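*Asks:* So I've got this file, query38.cif, and it contains mmCIF, C-alpha atoms and all ligand atoms:
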```
data_query
loop_
_atom_site.label_atom_id
_atom_site.label_comp_id
_atom_site.auth_asym_id
_atom_site.auth_seq_id
_atom_site.Cartn_x
_atom_site.Cartn_y
_atom_site.Cartn_z
CA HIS A 123 72.05 40.75 -74.35
CA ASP A 124 72.94 38.06 -71.83
CA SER A 125 71.08 39.95 -69.09
CA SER A 126 68.16 41.37 -71.09
CA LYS A 127 67.12 38.13 -72.80
CA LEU A 128 67.31 35.92 -69.70
CA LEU A 129 65.46 38.61 -67.75
CA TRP A 130 62.96 38.67 -70.61
CA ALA A 131 62.47 34.90 -70.29
CA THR A 132 62.18 35.01 -66.50
CA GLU A 133 59.45 37.64 -66.73
CA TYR A 134 57.92 35.56 -69.52
CA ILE A 135 58.31 32.56 -67.21
CA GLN A 136 56.93 34.70 -64.38
CA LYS A 137 53.98 35.77 -66.54
CA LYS A 138 53.14 32.14 -67.31
CA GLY A 139 53.21 31.30 -63.61
CA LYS A 140 52.73 27.58 -64.27
CA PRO A 141 55.06 24.64 -64.92
CA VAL A 142 55.36 24.81 -68.70
CA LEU A 143 57.22 22.53 -71.07
CA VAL A 144 60.88 23.38 -71.56
CA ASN A 145 59.91 23.50 -75.24
CA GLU A 146 56.81 25.61 -74.54
CA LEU A 147 58.90 28.18 -72.64
CA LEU A 148 61.81 28.42 -75.10
CA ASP A 149 59.41 29.20 -77.95
CA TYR A 150 57.21 31.32 -75.66
CA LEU A 151 59.42 34.40 -76.09
CA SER A 152 61.61 33.23 -79.01
CA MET A 153 64.47 35.04 -77.25
CA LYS A 154 65.75 32.58 -74.62
CA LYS A 155 66.68 29.95 -77.18
CA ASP A 156 70.40 30.00 -76.28
CA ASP A 157 71.94 27.88 -73.54
CA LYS A 158 73.16 31.02 -71.73
CA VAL A 159 69.65 31.97 -70.60
CA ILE A 160 69.01 28.42 -69.39
CA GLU A 161 72.41 28.21 -67.69
CA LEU A 162 71.82 31.57 -66.01
CA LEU A 163 68.35 30.33 -65.07
CA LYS A 164 69.80 27.10 -63.67
CA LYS A 165 72.72 28.85 -61.95
CA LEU A 166 70.28 31.37 -60.44
CA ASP A 167 67.01 31.19 -58.52
CA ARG A 168 65.22 33.41 -61.05
CA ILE A 169 63.92 30.28 -62.81
CA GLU A 170 63.56 26.99 -60.94
CA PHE A 171 65.50 24.43 -62.98
CA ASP A 172 65.43 20.80 -61.86
CA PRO A 173 66.70 17.51 -63.33
CA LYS A 174 63.07 16.47 -63.97
CA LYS A 175 60.90 17.48 -66.94
CA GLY A 176 60.42 21.07 -68.03
CA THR A 177 59.11 22.86 -64.94
CA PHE A 178 59.39 26.62 -64.47
CA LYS A 179 58.50 28.06 -61.06
CA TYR A 180 60.07 30.26 -58.45
CA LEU A 181 62.91 28.78 -56.41
CA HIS A 187 52.64 31.75 -51.31
CA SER A 188 49.66 30.95 -49.08
CA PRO A 189 47.61 32.98 -46.57
CA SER A 190 48.89 30.56 -43.93
CA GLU A 191 52.40 31.09 -45.30
CA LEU A 192 51.86 34.87 -45.22
CA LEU A 193 51.33 34.51 -41.47
CA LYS A 194 54.56 32.52 -41.45
CA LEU A 195 56.07 35.21 -43.70
CA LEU A 196 54.89 37.97 -41.35
CA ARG A 197 56.28 35.95 -38.44
CA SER A 198 59.56 35.56 -40.35
CA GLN A 199 59.85 39.35 -40.87
CA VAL A 200 60.14 40.17 -37.16
CA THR A 201 63.17 42.36 -36.35
CA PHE A 202 64.05 42.29 -40.05
CA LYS A 203 64.00 44.38 -43.23
CA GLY A 204 60.92 45.39 -45.20
CA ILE A 205 59.52 43.51 -48.19
CA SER A 206 56.88 44.88 -50.53
CA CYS A 207 53.77 42.97 -51.56
CA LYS A 208 55.12 42.49 -55.10
CA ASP A 209 56.15 38.95 -54.19
CA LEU A 210 52.77 38.81 -52.42
CA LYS A 211 50.99 39.99 -55.60
CA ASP A 212 52.78 37.58 -57.96
CA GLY A 213 52.60 35.45 -54.86
CA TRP A 214 49.06 34.16 -54.14
CA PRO A 215 47.34 36.65 -56.47
CA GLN A 216 44.94 39.12 -54.87
CA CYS A 217 46.55 39.06 -51.44
CA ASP A 218 44.67 42.34 -50.88
CA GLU A 219 41.56 40.18 -50.77
CA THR A 220 43.44 37.82 -48.45
CA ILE A 221 44.63 40.70 -46.25
CA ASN A 222 41.11 42.10 -45.92
CA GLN A 223 39.69 38.62 -45.30
CA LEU A 224 42.54 37.74 -42.94
CA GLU A 225 42.05 41.02 -41.12
CA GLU A 226 42.66 41.49 -37.38
CA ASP A 227 46.39 40.69 -37.75
CA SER A 228 45.76 37.46 -39.69
CA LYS A 229 47.15 39.28 -42.74
CA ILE A 230 48.46 42.68 -41.68
CA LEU A 231 48.93 45.46 -44.19
CA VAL A 232 50.54 48.86 -44.65
CA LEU A 233 47.77 50.74 -46.46
CA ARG A 234 49.49 54.00 -47.33
CA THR A 235 46.58 54.80 -49.65
CA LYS A 236 43.89 52.85 -51.49
CA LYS A 237 45.05 53.85 -54.98
CA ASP A 238 48.23 51.77 -55.43
CA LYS A 239 46.78 48.30 -54.79
CA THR A 240 47.45 49.30 -51.17
CA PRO A 241 51.18 48.57 -51.51
CA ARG A 242 51.86 47.07 -48.11
CA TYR A 243 54.87 45.63 -46.33
CA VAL A 244 55.59 42.85 -43.86
CA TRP A 245 53.78 43.57 -40.60
CA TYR A 246 53.33 41.45 -37.48
CA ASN A 247 50.55 42.15 -34.99
CA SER A 248 48.35 40.43 -32.41
CA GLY A 249 45.11 42.39 -32.67
CA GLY A 250 46.12 43.93 -35.99
CA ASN A 251 42.82 45.65 -36.71
CA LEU A 252 41.34 46.64 -33.32
CA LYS A 253 38.52 48.49 -35.09
CA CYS A 254 36.37 48.22 -31.95
CA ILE A 255 37.71 51.58 -30.72
CA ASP A 256 35.15 54.18 -31.76
CA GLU A 257 36.34 56.94 -34.06
CA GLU A 258 35.11 59.71 -31.75
CA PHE A 259 37.01 57.97 -28.95
CA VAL A 260 40.15 58.39 -31.04
CA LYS A 261 39.24 62.07 -31.46
CA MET A 262 38.64 62.59 -27.75
CA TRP A 263 41.76 60.53 -27.14
CA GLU A 264 43.64 62.92 -29.42
CA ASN A 265 41.65 65.73 -27.80
CA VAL A 266 43.80 65.07 -24.71
CA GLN A 267 47.38 66.36 -24.75
CA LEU A 268 49.98 64.25 -22.99
CA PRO A 269 51.83 66.14 -20.24
CA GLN A 270 55.44 66.62 -19.14
CA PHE A 271 57.94 64.89 -16.82
CA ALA A 272 57.65 62.90 -13.59
CA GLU A 273 54.84 65.06 -12.24
CA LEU A 274 52.77 62.79 -14.48
CA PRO A 275 53.41 59.97 -11.97
CA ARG A 276 52.75 62.62 -9.30
CA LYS A 277 49.37 63.69 -10.69
CA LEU A 278 48.10 60.12 -10.99
CA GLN A 279 49.05 59.09 -7.47
CA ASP A 280 46.92 62.09 -6.53
CA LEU A 281 44.21 60.49 -8.67
CA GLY A 282 45.27 57.11 -7.26
CA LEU A 283 46.46 55.56 -10.53
CA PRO B 4 57.64 39.53 -18.11
CA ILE B 5 55.79 42.71 -17.15
CA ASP B 6 57.30 44.52 -20.16
CA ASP B 7 55.36 42.44 -22.71
CA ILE B 8 52.03 43.51 -21.20
CA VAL B 9 53.39 47.06 -21.30
CA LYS B 10 54.15 46.40 -24.97
CA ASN B 11 50.85 44.57 -25.54
CA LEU B 12 48.78 47.39 -24.06
CA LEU B 13 50.77 49.89 -26.13
CA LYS B 14 49.93 47.95 -29.29
CA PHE B 15 46.30 47.80 -28.15
CA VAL B 16 45.78 51.52 -27.62
CA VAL B 17 47.79 52.42 -30.71
CA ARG B 18 45.91 49.95 -32.91
CA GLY B 19 42.60 51.14 -31.51
CA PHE B 20 43.29 54.82 -30.92
CA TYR B 21 45.77 55.15 -33.81
CA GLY B 22 46.46 53.71 -37.24
CA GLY B 23 48.16 50.50 -38.25
CA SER B 24 51.30 52.22 -39.51
CA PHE B 25 51.64 53.43 -35.91
CA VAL B 26 51.78 49.86 -34.62
CA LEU B 27 54.06 48.86 -37.50
CA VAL B 28 56.72 51.36 -36.39
CA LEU B 29 56.21 50.62 -32.68
CA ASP B 30 56.84 46.93 -33.29
CA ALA B 31 59.71 48.01 -35.56
CA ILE B 32 61.10 50.03 -32.65
CA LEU B 33 60.29 47.15 -30.30
CA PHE B 34 62.06 44.82 -32.74
CA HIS B 35 65.47 46.18 -31.66
CA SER B 36 66.42 47.87 -28.39
CA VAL B 37 69.04 49.97 -30.20
CA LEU B 38 67.60 50.18 -33.72
CA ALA B 39 69.19 52.31 -36.41
CA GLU B 40 66.76 54.58 -38.24
CA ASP B 41 68.09 53.28 -41.56
CA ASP B 42 67.06 49.70 -40.76
CA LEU B 43 63.70 51.06 -39.58
CA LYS B 44 63.36 53.01 -42.84
CA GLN B 45 63.90 49.92 -44.99
CA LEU B 46 61.53 47.83 -42.88
CA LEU B 47 58.76 50.35 -43.53
CA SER B 48 59.87 50.65 -47.19
CA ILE B 49 57.92 53.93 -47.33
CA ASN B 50 58.91 57.55 -47.81
CA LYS B 51 60.02 59.71 -44.90
CA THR B 52 56.70 61.51 -45.36
CA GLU B 53 55.09 58.39 -43.83
CA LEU B 54 57.73 57.52 -41.20
CA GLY B 55 58.29 60.69 -39.17
CA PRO B 56 54.81 61.46 -37.81
CA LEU B 57 54.40 57.89 -36.55
CA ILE B 58 57.70 58.27 -34.70
CA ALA B 59 56.56 61.73 -33.59
CA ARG B 60 53.35 60.25 -32.17
CA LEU B 61 55.35 57.58 -30.32
CA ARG B 62 57.54 60.37 -28.95
CA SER B 63 54.42 62.37 -28.08
CA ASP B 64 52.82 59.26 -26.56
CA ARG B 65 56.18 58.71 -24.79
CA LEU B 66 55.95 55.00 -25.57
CA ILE B 67 59.35 55.28 -27.27
CA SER B 68 61.83 58.14 -26.86
CA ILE B 69 64.86 59.16 -28.91
CA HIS B 70 68.11 58.10 -27.24
CA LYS B 71 71.39 59.81 -28.17
CA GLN B 72 73.15 56.45 -28.01
CA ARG B 73 76.91 56.81 -28.42
CA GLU B 74 77.79 55.49 -31.88
CA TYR B 75 81.41 55.74 -33.03
CA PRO B 76 81.53 55.34 -36.83
CA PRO B 77 84.64 54.01 -38.60
CA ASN B 78 84.76 56.73 -41.29
CA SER B 79 86.59 59.37 -39.19
CA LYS B 80 83.29 61.23 -38.76
CA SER B 81 80.75 61.86 -35.99
CA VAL B 82 77.54 59.86 -36.52
CA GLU B 83 74.91 59.26 -33.85
CA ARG B 84 72.64 56.22 -33.71
CA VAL B 85 68.94 57.11 -33.97
CA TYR B 86 67.87 54.33 -31.62
CA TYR B 87 64.52 54.58 -29.86
CA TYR B 88 64.49 54.06 -26.09
CA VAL B 89 61.05 53.14 -24.79
CA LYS B 90 59.96 55.28 -21.82
CA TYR B 91 57.61 52.74 -20.28
CA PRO B 92 56.74 54.55 -17.00
CA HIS B 93 56.05 57.74 -18.93
CA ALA B 94 54.28 55.74 -21.66
CA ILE B 95 51.70 54.18 -19.34
CA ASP B 96 51.25 57.23 -17.10
CA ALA B 97 50.50 59.42 -20.12
CA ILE B 98 48.05 56.84 -21.47
CA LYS B 99 46.33 56.78 -18.08
CA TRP B 100 46.10 60.58 -18.10
CA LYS B 101 44.54 60.44 -21.54
CA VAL B 102 42.26 57.71 -20.16
CA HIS B 103 41.45 59.87 -17.14
CA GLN B 104 40.86 63.00 -19.22
CA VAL B 105 38.73 61.11 -21.75
CA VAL B 106 36.50 59.44 -19.16
CA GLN B 107 35.76 62.52 -17.03
CA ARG B 108 34.98 64.61 -20.13
CA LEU B 109 32.40 62.09 -21.31
CA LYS B 110 31.23 61.74 -17.72
CA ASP B 111 30.81 65.52 -17.74
CA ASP B 112 28.88 65.19 -21.00
CA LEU B 113 26.44 62.85 -19.23
CA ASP B 114 25.47 65.51 -16.68
CA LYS B 115 25.21 68.25 -19.33
CA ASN B 116 21.90 67.29 -20.97
CA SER B 117 19.79 65.54 -18.33
CA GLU B 118 16.79 67.71 -17.37
CA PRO B 119 13.98 69.30 -19.42
CA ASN B 120 12.32 72.56 -18.49
CA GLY B 121 11.72 75.87 -20.24
CA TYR B 122 9.93 77.01 -23.42
CA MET B 123 10.81 78.85 -26.61
CA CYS B 124 9.08 80.88 -29.15
CA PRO B 125 9.20 79.08 -32.51
CA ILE B 126 8.39 82.23 -34.52
CA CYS B 127 11.06 84.72 -33.43
CA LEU B 128 12.97 81.74 -32.00
CA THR B 129 13.68 83.19 -28.55
CA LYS B 130 13.95 80.75 -25.65
CA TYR B 131 11.40 80.80 -22.81
CA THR B 132 10.53 79.01 -19.58
CA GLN B 133 7.86 78.45 -16.95
CA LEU B 134 8.32 81.54 -14.84
CA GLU B 135 9.10 84.58 -17.00
CA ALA B 136 6.14 83.49 -19.13
CA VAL B 137 3.64 82.78 -16.35
CA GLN B 138 4.30 86.41 -15.51
CA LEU B 139 3.01 86.85 -19.07
CA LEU B 140 -0.04 84.56 -18.87
CA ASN B 141 -3.29 86.51 -19.14
CA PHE B 142 -6.46 85.77 -17.19
CA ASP B 143 -8.27 85.42 -20.50
CA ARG B 144 -5.73 82.88 -21.79
CA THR B 145 -4.57 79.30 -21.18
CA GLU B 146 -1.26 79.52 -23.06
CA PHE B 147 1.68 81.89 -22.89
CA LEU B 148 1.80 84.42 -25.71
CA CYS B 149 5.15 85.96 -26.67
CA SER B 150 6.25 89.38 -25.49
CA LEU B 151 8.01 89.98 -28.81
CA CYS B 152 5.72 88.65 -31.54
CA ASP B 153 2.56 88.45 -29.39
CA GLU B 154 2.30 84.82 -30.45
CA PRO B 155 2.04 81.80 -28.14
CA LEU B 156 4.97 79.63 -27.16
CA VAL B 157 6.09 75.98 -27.11
CA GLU B 158 8.09 73.79 -24.75
CA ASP B 159 11.77 73.04 -25.29
CA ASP B 160 14.29 70.52 -24.16
CA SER B 161 15.15 66.86 -24.73
CA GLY B 162 16.70 64.41 -22.30
CA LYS B 163 17.61 62.27 -25.32
CA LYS B 164 21.10 63.75 -25.23
CA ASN B 165 21.61 62.39 -21.71
CA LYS B 166 20.76 58.94 -23.08
CA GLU B 167 23.16 59.67 -25.94
CA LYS B 168 25.79 60.47 -23.32
CA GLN B 169 24.90 57.31 -21.38
CA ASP B 170 25.75 55.15 -24.40
CA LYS B 171 29.05 56.96 -24.97
CA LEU B 172 30.23 56.26 -21.42
CA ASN B 173 29.02 52.69 -21.98
CA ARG B 174 30.99 52.56 -25.23
CA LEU B 175 34.10 54.17 -23.72
CA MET B 176 34.17 51.80 -20.73
CA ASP B 177 33.91 48.82 -23.08
CA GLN B 178 36.78 50.28 -25.10
CA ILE B 179 38.80 51.13 -21.99
CA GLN B 180 38.44 47.88 -20.00
CA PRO B 181 41.33 46.00 -21.68
CA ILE B 182 43.37 49.19 -21.40
CA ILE B 183 42.64 49.46 -17.67
CA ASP B 184 43.16 45.71 -17.37
CA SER B 185 46.72 46.10 -18.63
CA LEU B 186 47.37 49.32 -16.72
CA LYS B 187 46.47 47.83 -13.33
CA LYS B 188 48.36 44.69 -14.34
CA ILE B 189 51.29 46.97 -15.13
CA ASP B 190 50.64 48.87 -11.87
CA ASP B 191 51.79 45.84 -9.84
CA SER B 192 55.53 46.51 -10.31
CA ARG B 193 55.29 50.05 -11.79
CA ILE B 194 56.99 48.84 -14.96
ZN ZN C 1 8.00 85.26 -30.12
#
```
What does this structure look like when you write it as structure tokens?
*Replies:*
Amino acid sequence: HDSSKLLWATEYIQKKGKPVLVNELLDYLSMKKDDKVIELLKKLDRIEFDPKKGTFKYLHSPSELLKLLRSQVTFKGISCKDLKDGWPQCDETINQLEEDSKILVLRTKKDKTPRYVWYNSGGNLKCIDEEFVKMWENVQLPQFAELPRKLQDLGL
Amino acid sequence: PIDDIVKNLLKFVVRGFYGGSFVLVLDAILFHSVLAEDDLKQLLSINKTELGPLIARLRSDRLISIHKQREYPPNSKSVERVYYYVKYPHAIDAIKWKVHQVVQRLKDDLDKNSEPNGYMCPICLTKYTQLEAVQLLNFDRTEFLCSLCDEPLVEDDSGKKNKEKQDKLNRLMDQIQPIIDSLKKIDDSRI
């Protein structure tokens, strides 16, 4: 197919992840040997095609992830799949760049912690003791503007 | 502006006293004044099973409240906009009340375990004291036997717990200082 073979090459190109010879790539899968896959690759951003020698890349750094997190303010949500093909082991980078340096959405630690784009200042704020969270949650937040009334009584 | 410190303190308490997905949604809500839930859903890119409770906590914390903002759809139907409206005065006042209830409780804990006096029996495990037992001292004895087991007693209490409570108030004040920094800073204009 025109869509299956070119997609097969792009994943094959994606799997390589390095600038390979235009001859090394075409024989890599033995499927994208027609000009349609290359033309689709050149017409699209799936495979980076340039007038120079055979170089296959995307159209990627912990610093850039900060830029990426900054660029995802007031915007949609992106998975870490482009962050996992995208500076491999960004989970290491997220844990190392903790405290908002590489924020994460850790739904659970069994799916490579599939996270999203998150922007924060403190990010981690693990200084707050766990019991303090309990005794924080131990307190139930009250009703309407008597809450300003109670605290003026307390002087807050 | 005073609102950013209101926002910054909110992100502080909710990153410290709540999870990260809480601050992800709060920023998401803070990303747009009138934010559709659908855009919020795609930003999180997670199931509704992981979006609602975080919004519920923000509603419970009164940091952000649900506003029935008039949305007139173009499909000849009636669709509301699920756009969160941040209730800042009720956000900070509630946080203060939590702060006030958390500090006095742990303050009360400090006074709970301060002073040792009284015995026990360690055989039948019944508590004792100076006085009831000195009633029980015998002229031929130096130590207080037990009424029950006829078997001498031991002392019991430990002020260690008061020290344990002293550290907790120390720990809570260290945790609460940036919170009460922002609150008083917010308290200038009541915003
Ligand atoms: Zn006894």
*Asks:* Please give me, as a PDB file with C-alpha atoms, in the frame of the given file, the residues lying within 9 Å of ligand ZN 1 (chain C) when counting only C-alpha atoms and all ligand atoms.
*Replies:*
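Contents of the output file out_14.pdb:
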```pdb
ATOM      1  CA  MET B 123      10.810  78.850 -26.610  1.00  0.00           C
ATOM      2  CA  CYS B 124       9.080  80.880 -29.150  1.00  0.00           C
ATOM      3  CA  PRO B 125       9.200  79.080 -32.510  1.00  0.00           C
ATOM      4  CA  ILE B 126       8.390  82.230 -34.520  1.00  0.00           C
ATOM      5  CA  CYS B 127      11.060  84.720 -33.430  1.00  0.00           C
ATOM      6  CA  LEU B 128      12.970  81.740 -32.000  1.00  0.00           C
ATOM      7  CA  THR B 129      13.680  83.190 -28.550  1.00  0.00           C
ATOM      8  CA  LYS B 130      13.950  80.750 -25.650  1.00  0.00           C
ATOM      9  CA  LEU B 148       1.800  84.420 -25.710  1.00  0.00           C
ATOM     10  CA  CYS B 149       5.150  85.960 -26.670  1.00  0.00           C
ATOM     11  CA  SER B 150       6.250  89.380 -25.490  1.00  0.00           C
ATOM     12  CA  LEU B 151       8.010  89.980 -28.810  1.00  0.00           C
ATOM     13  CA  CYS B 152       5.720  88.650 -31.540  1.00  0.00           C
ATOM     14  CA  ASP B 153       2.560  88.450 -29.390  1.00  0.00           C
ATOM     15  CA  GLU B 154       2.300  84.820 -30.450  1.00  0.00           C
ATOM     16  CA  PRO B 155       2.040  81.800 -28.140  1.00  0.00           C
ATOM     17  CA  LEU B 156       4.970  79.630 -27.160  1.00  0.00           C
TER      18      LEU B 156
END
```
*Asks:* Show me, as an MDAnalysis selection string, the residues that have an atom within 8 Å of region 147-159 of chain A when counting all atoms listed in the file, minus same-chain residues fewer than 6 positions from it.
*Replies:* chainID A and resid 124 127:128 130:131 134:135
*Asks:* Taking a cut-off of 6 Å and counting all atoms listed in the file, can you build a table that, for each residue of chain A near chain B, reports the nearest atom pair and how far apart they are in Å (one decimal), sorted by chain then residue number, as a tab-separated table?
*Replies:*
```
residue	atom	partner	partner_atom	distance
A:201	CA	B:34	CA	4.5
A:203	CA	B:46	CA	4.3
A:204	CA	B:46	CA	3.4
A:252	CA	B:19	CA	5.0
A:255	CA	B:19	CA	5.0
A:260	CA	B:20	CA	4.8
A:266	CA	B:101	CA	5.7
A:268	CA	B:97	CA	5.6
```
*Asks:* Keeping only C-alpha atoms, take the residues you just selected and write them out as a compact mmCIF listing (two decimals), in the frame of the given file.
*Replies:*
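The result, stored in again12.txt:
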```txt
# COMPACT_ATOMS: atom_id res chain seq x y z
CA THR A 201 63.17 42.36 -36.35
CA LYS A 203 64.00 44.38 -43.23
CA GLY A 204 60.92 45.39 -45.20
CA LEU A 252 41.34 46.64 -33.32
CA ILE A 255 37.71 51.58 -30.72
CA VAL A 260 40.15 58.39 -31.04
CA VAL A 266 43.80 65.07 -24.71
CA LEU A 268 49.98 64.25 -22.99
```
*Asks:* What is the distance between CA of residue 246 (chain A) and CA of residue 196 (chain A), in Å to one decimal?
*Replies:*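 One can read the CA of residue 246 (chain A) to CA of residue 196 (chain A) distance as 5.4 Å.
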*Asks:* So how many Å separate CA of residue 200 (chain A) and CA of residue 253 (chain A), to one decimal?
*Replies:*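 For CA of residue 200 (chain A) relative to CA of residue 253 (chain A), the distance reads 23.3 Å.
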*Asks:* With only C-alpha atoms as the basis for distance, which of B:62, B:69, B:135, B:161 is at the shortest distance from residue 270 (chain A)?
*Replies:*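 Nearest candidate to residue 270 (chain A) out of B:62, B:69, B:135, B:161: B:62.
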*Asks:* Please measure the separation of CA of residue 194 (chain B) and CA of residue 250 (chain A), giving the value in Å to one decimal.
*Replies:* 24.2 Å
*Asks:* So which residues are close to (21.5, 62.9, -21.6), meaning at most 12 Å away in the file's coordinates with all atoms listed in the file counted, and can you show them as a list in words?
*Replies:*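 Every polymer residue passing the test: residues 109, 110, 111, 112, 113, 114, 115, 116, 117, 118, 119, 160, 161, 162, 163, 164, 165, 166, 167, 168, 169, 170, 171 and 172 of chain B.
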*Asks:* Excluding residue 221 (chain A) and its own-chain neighbours fewer than 4 positions away, which residues fall within 9 Å of it when counting only C-alpha atoms? Please give them as a PyMOL selection string.
*Replies:* chain A and resi 189+216-217+225+227-231
*Asks:* Out of A:136, A:181, A:247, A:240, which residue has the shortest atom-to-atom distance to residue 165 (chain A) when counting only C-alpha atoms?
*Replies:*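 Among the listed residues, the smallest separation from residue 165 (chain A) belongs to A:181.
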*Asks:* Taking only C-alpha atoms, show region 73-95 of chain B of the given structure as a JSON list (two decimals), in the first residue's frame.
*Replies:*
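Output saved as part-v1.json:
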```json
[["chain", "number", "residue", "atom", "x", "y", "z"],
["B", 73, "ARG", "CA", -23.49, 31.29, 29.32],
["B", 74, "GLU", "CA", -22.43, 29.41, 26.19],
["B", 75, "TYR", "CA", -24.70, 29.55, 23.14],
["B", 76, "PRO", "CA", -23.79, 26.70, 20.78],
["B", 77, "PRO", "CA", -24.44, 26.93, 17.02],
["B", 78, "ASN", "CA", -26.07, 23.48, 16.69],
["B", 79, "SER", "CA", -29.60, 24.54, 17.77],
["B", 80, "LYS", "CA", -28.99, 22.90, 21.16],
["B", 81, "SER", "CA", -28.35, 24.00, 24.75],
["B", 82, "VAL", "CA", -24.71, 23.46, 25.79],
["B", 83, "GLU", "CA", -23.09, 25.04, 28.82],
["B", 84, "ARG", "CA", -19.38, 25.85, 29.10],
["B", 85, "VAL", "CA", -17.66, 23.98, 31.95],
["B", 86, "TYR", "CA", -15.32, 26.87, 32.73],
["B", 87, "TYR", "CA", -13.71, 27.06, 36.15],
["B", 88, "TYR", "CA", -13.97, 30.36, 38.02],
["B", 89, "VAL", "CA", -11.33, 30.71, 40.73],
["B", 90, "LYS", "CA", -12.79, 31.74, 44.09],
["B", 91, "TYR", "CA", -9.67, 33.43, 45.44],
["B", 92, "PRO", "CA", -11.08, 34.94, 48.68],
["B", 93, "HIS", "CA", -12.69, 31.61, 49.55],
["B", 94, "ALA", "CA", -9.57, 29.76, 48.36],
["B", 95, "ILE", "CA", -7.18, 31.53, 50.74]]
```
